[PDB]
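Student: build the 3D model from these lines:
(2 chains)
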Amino acid sequence: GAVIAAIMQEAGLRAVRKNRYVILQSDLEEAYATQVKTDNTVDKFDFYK
Amino acid sequence: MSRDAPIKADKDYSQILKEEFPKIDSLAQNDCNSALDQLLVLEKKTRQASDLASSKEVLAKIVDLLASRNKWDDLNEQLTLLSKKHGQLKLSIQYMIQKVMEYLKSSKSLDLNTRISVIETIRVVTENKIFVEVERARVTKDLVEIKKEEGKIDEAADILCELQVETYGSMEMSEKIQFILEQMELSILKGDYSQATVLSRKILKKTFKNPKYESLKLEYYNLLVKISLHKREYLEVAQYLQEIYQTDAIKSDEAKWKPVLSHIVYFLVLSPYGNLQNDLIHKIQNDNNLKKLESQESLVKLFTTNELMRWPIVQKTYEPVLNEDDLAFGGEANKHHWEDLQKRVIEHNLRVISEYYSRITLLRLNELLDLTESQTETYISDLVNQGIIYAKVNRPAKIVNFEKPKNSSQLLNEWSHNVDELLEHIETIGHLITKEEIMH
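Tutor: Numbers count the residues shown, from 1 in each chain, chains lettered A, B, ... in the order given. Let me share the structure:
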C-alpha cells in the first residue's frame, strides 16, 4: 500500500514540472517504472540458475 | 581530435584546397555534380577544426547554383548521412549544421522554398539536442503563418505547440518567454483553450523582476485576459489588467493607462459579488487617474455604494457611452457581456433590498427590479443556493420576507446589552455635569 501512496505523491511532483494541477497516466507509468527496480543480482544468478 | 598529427595535417590540406577554391567554383558553373564531388572529400577529415573551414564551401557551392529545389534535397541529406556515421564526433557536425541553417532562412523568397526547407529541418534535428531545435521550430513557424491563411490553422498550431514544451538549455530567459508566448496565441487561433492553460503556467510570474523583461510582461498578461474572458471568469480578467497598471511603462505615461482602467471597472462589476471582489473595486475607487474620466468614475461609484436603481434607465445612460466602447461591450460575444451587466444590476438591488427591507410584497419587488414574476423567483432562488442572502418567497405572490428568521437567544442577548448601555451612559453623564457647573 506504501508504494502506491509513493506513486501518487511522486506523480504529483512530476505534475509541477510539467506545469499542470492534474496527474495523468503518463506520470503514473514512470512512478510505476522506478521505486521497484532496486539491486542487481542478475549477473550473480547467471551461475546459480 | 586524437594524436598531434591530425591538427596540423588536415588544416594544411584545407589551406591547399582553399587556394584551389576558384577551381571548385568554375566547374560548379558548368555542371553541379563536378564541384559537388569536391565537398564530399572535404567533409571527411578527422580534426573538427578543418571542417569549420570546409563547411563554408558546402554553403557557397549551392549559392553559385542559385539554388535548385532538386539540389536542395541532397545537400541537407548528405549532412544527415554524415551526422549518423561520425561527423568528426557527433558534437562536431552540429556546429556545421548551424552555419548552413542561416543560409536556409535568407534563401527564402518563395512559398516553394519554404515548403521544401521545413521537410529537411525537422528531420535533422531529431537526434540533436542544441540550439538547432530552436531554429527548426522558427523556420517551421514561417509555414505556420502561411497555414493561418488556410483551413490548416488548427493543424499547424498543434505541430508547433508540442515542440517548445521541451526546454532547451540553449535558449536565454528572454527567448524562452517569447517562444512560449507564440504558442499561447496559436491556441487561441486553434480554439483549444485547454492547451493554453498548460502553456500559461509553463513560464512564471517570478521570471519578471528586471526591466529587461518589461515588454514580454505586458504581452503575457494581455494574452491571459482573452483566455479567461472566453471562459467567462470575470474577476481573473480584472486582475490581469490591474497587473498591467502595476507595470512601470503604463504607470509613467498618461495615454497608455486610459483604456486599461476603464476596462478594470467593467470586469469587476461583471463579477458576481464575493468579498475579494469588493476590496479590489474599492481600491480602484481611491485612484486619481480614474477621476479625470467621468463615465467610468460614475460607474464604479454606483456599484460600490448602496443604491436603488432601475435597469432601462441605467441602460439608457450607458448605451451611447460604454456599450460603443469596443473590447468590453462593443464586440460580438461582448454583446453577451452587456446582457450580463443587467444580471449584476438586479443582483445589486436584491442584496440592498435584503438588508434594509425585512419584508416587502412580491408585487412591488417585481416593479423595482424591472422583471417579470417568473424571472424574479428564479433569481432569488439562485442567490439563496449561493448562500449570500436568505428570503422566503410566497408563490401566491403576497410577500417576500427578506430576513432569516431571528433566533430567541440572540434577541434576548441583544436586549440585555442595551440596558447595560443606558446605565453606563447615565454613570458617565453625571461626572461631566459636575465638571461643567463648577468650571462655570
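
Student: distance of the residue in the stretch 51-200 of chain B that chain A sits nearest to relative to residue B:271?
Tutor: Residue nearest to chain A within the stretch 51-200 of chain B (CB to the nearest CB): residue B:198, separated by 6.1 Å. Where C-beta positions appear, they are placed from N, C-alpha and C, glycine not excepted. Noted for residue B:198: a distance of 25 Å to residue B:271, by CB to CB, to the nearest Å.

Student: of these two, which one has the most company?
Tutor: Relative neighbour count places residue B:271 above the other of residue B:198 and residue B:271, with 21 against 18, counting by other CB atoms under 10 Å in any protein chain shown.

Student: tell me the SS of that one?
Tutor: coil (DSSP: H, G, I helix; E, B strand; the rest coil).

Student: my guess is it meets residue B:228, correct?
Tutor: No - judged on CB atoms under 8 Å, residue B:271 makes no contact with residue B:228 at a distance of 11.6 Å.

Student: secondary structure element for the residue of the stretch 51-200 of chain B closest to chain A?
Tutor: Residue B:198 is part of helix B:193-200 when elements are defined by DSSP states H and E.

Student: closest point of the stretch 151-300 of chain B to chain A, which residue?
Tutor: Proximity of the stretch 151-300 of chain B to chain A (CB to the nearest CB) peaks at residue B:201, 4.2 Å away.

Student: residues near residue 28, how many?
Tutor: Picked chain A for this. By the criterion of other CB under 10 Å, residue A:28 has 15 neighbours.

Student: actually, chain B is the one I wanted.
Tutor: Residues lying near residue B:28 (other CB under 10 Å) number 21.

Student: ok, and the closest non-adjacent residue to it?
Tutor: residue B:35 (3.5 Å; CB to CB, 6 or more residues apart in numbering or on different chains).

Student: who touches the helix or strand where residue B:184 lies?
Tutor: With secondary structure defined by DSSP H and E, residue B:184 is part of helix B:173-190. Applying CB atoms under 8 Å, 6 or more residues apart in numbering or on different chains, the external contacts of helix B:173-190 come out as B:134, B:137, B:141, B:144, B:148, B:153-154, B:156-158, B:160-161, B:164, B:167, B:171, B:193, B:195-196, B:199-200, B:202-203, B:207, B:212-213, B:216, B:219-220, B:223, B:226-227.

Student: in helices only, show me these.
Tutor: Per DSSP state H, helices hold the following members of these: B:134, B:137, B:141, B:144, B:153-154, B:156-158, B:160-161, B:193, B:195-196, B:199-200, B:216, B:219-220, B:223, B:226-227.

Student: against residue B:164, how distant is the residue of the stretch 51-200 of chain B closest to chain A?
Tutor: To residue B:164, residue B:198 is 12 Å away according to CB to CB.

Student: could you do residue B:1 as well?
Tutor: When residue B:1 is compared with residue B:164 (using CB to CB), they lie 34 Å apart.

Student: have a look at the two and say which one is more surrounded.
Tutor: More crowded of residue B:1 and residue B:164, by other CB under 10 Å: residue B:164, with 21 against 11.

Student: could you double-check that the more buried one sits in contact with residue B:138?
Tutor: No - counting by CB under 8 Å, residue B:138 is not a contact partner of residue B:164; they are 10.4 Å apart.

Student: show me where chain A has its helices.
Tutor: So, for chain A - with DSSP H - the helices run A:2-18, A:25-33.

Student: wait, which of the ones you listed is closest to residue B:334?
Tutor: Closest approach to residue B:334 among the helices of chain A is made by helix A:2-18 (34.0 Å; CB to CB).
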